[PDB]
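Numbering (the authors' numbering), first residue to last: 6 to 39, 51 to 163. One structure is given here, and the rest of the page talks about it.
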Ligand SMILES: Cc1nccn1-c1ccccc1N
């Protein structure tokens with residue numbers, strides 16, 4: 006079939022085939038094109065009441081539900097994909113991570129350093145590709161592979 010991690014899917018609303026990556030939670034209409053020692057990523061984190069540390073520079077007590085966090089992530093993904101908003105702008109304004117002040121940049125990293133779902137998505141993204149919602153003990157991430 007297609008590159009590993011990817012599967013064919015059917016749009017429930019249009020009937021048109023699309024492609025879904027179960028490692029990055031990315032989805033796209035085009036058939037996907039197709051590992052490095054290190055990747056560089058940015059991310060936009062939305063925490064929730066069950067986050068390992070439910071606090072952030074935005075909010076001393078994060079109280080939103082996981083469902084509310086996922087809805088916020090979904091909305092940010094929509095605006096990034098439509099081009100109304102840039103990833104970096106939304107990360108700076110709304111990421112519950114200290115990296116928000118760096119437009120979400122986390123720098124480069126190897127396997128072994130980040131939380132596993134984040135690492136797997138990061139290394140499965142192509143350069144310049146953005147993830148779907150990625151879930152970790154920290155909360156819910158939108159990941160952008162920059163290198
Ligand atoms: C995938 C999903 N849909 C609604 C809520 N969540 C969710 C959010 C955070 C952690 C786990 C889960 N299941």
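Every residue, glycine too, gets a C-beta built ideally from N, C-alpha and C.
Ligand 1 and residue i: does the residue's C-beta get closer than 6 Å to at least one heavy atom of that ligand?
i, result
"residue 132", "no"
"residue 95", "no"
"residue 63", "no"
"residue 151", "yes"
"residue 117", "no"
"residue 83", "yes"
"residue 86", "yes"
Distance check for residue j and residue i, CA to CA, integer angstroms please.
i, j, result
"residue 114", "residue 129", "17 Å"
"residue 38", "residue 101", "25 Å"
"residue 16", "residue 140", "23 Å"
"residue 152", "residue 36", "28 Å"
"residue 93", "residue 58", "14 Å"
"residue 64", "residue 12", "30 Å"
"residue 161", "residue 30", "14 Å"
"residue 71", "residue 54", "29 Å"
"residue 144", "residue 137", "13 Å"
"residue 24", "residue 78", "34 Å"
"residue 132", "residue 34", "27 Å"
"residue 51", "residue 142", "10 Å"
"residue 69", "residue 150", "17 Å"
"residue 27", "residue 7", "13 Å"
What does a CB cutoff of less than 6 Å around residue i pick up in its chain, not counting 5 residues either side in sequence?
i, result
"residue 108", "116 and 119"
"residue 111", "60, 61 and 120"
"residue 14", "23 and 25"
Can you list, in chain order, the residues of its chain whose CB lies under 8 Å from that of residue i, leaving out five sequence neighbours each side?
i, result
"residue 96", "102, 103, 106, 146 and 158"
"residue 123", "56"
"residue 84", "64"
Quick one: what's got a C-beta closer than 7 Å to residue i's C-beta in the same chain, skipping five residues either side?
i, result
"residue 135", "127"
"residue 81", "64 and 65"
Complete alpha helix (DSSP H) runs within the segment 81–122 (minimum length 4 residues, chain order)
82–98 and 103–110
With contact counted as at least three CB pairs below 8 Å, one residue from each stretch, are the segment 154–161 and the segment 78–94 in contact?
yes
Only counting runs of 3 or more residues, tell me where the beta strand (DSSP E) segments fall wholly within the segment 14–39, in order along the chain.
22–26
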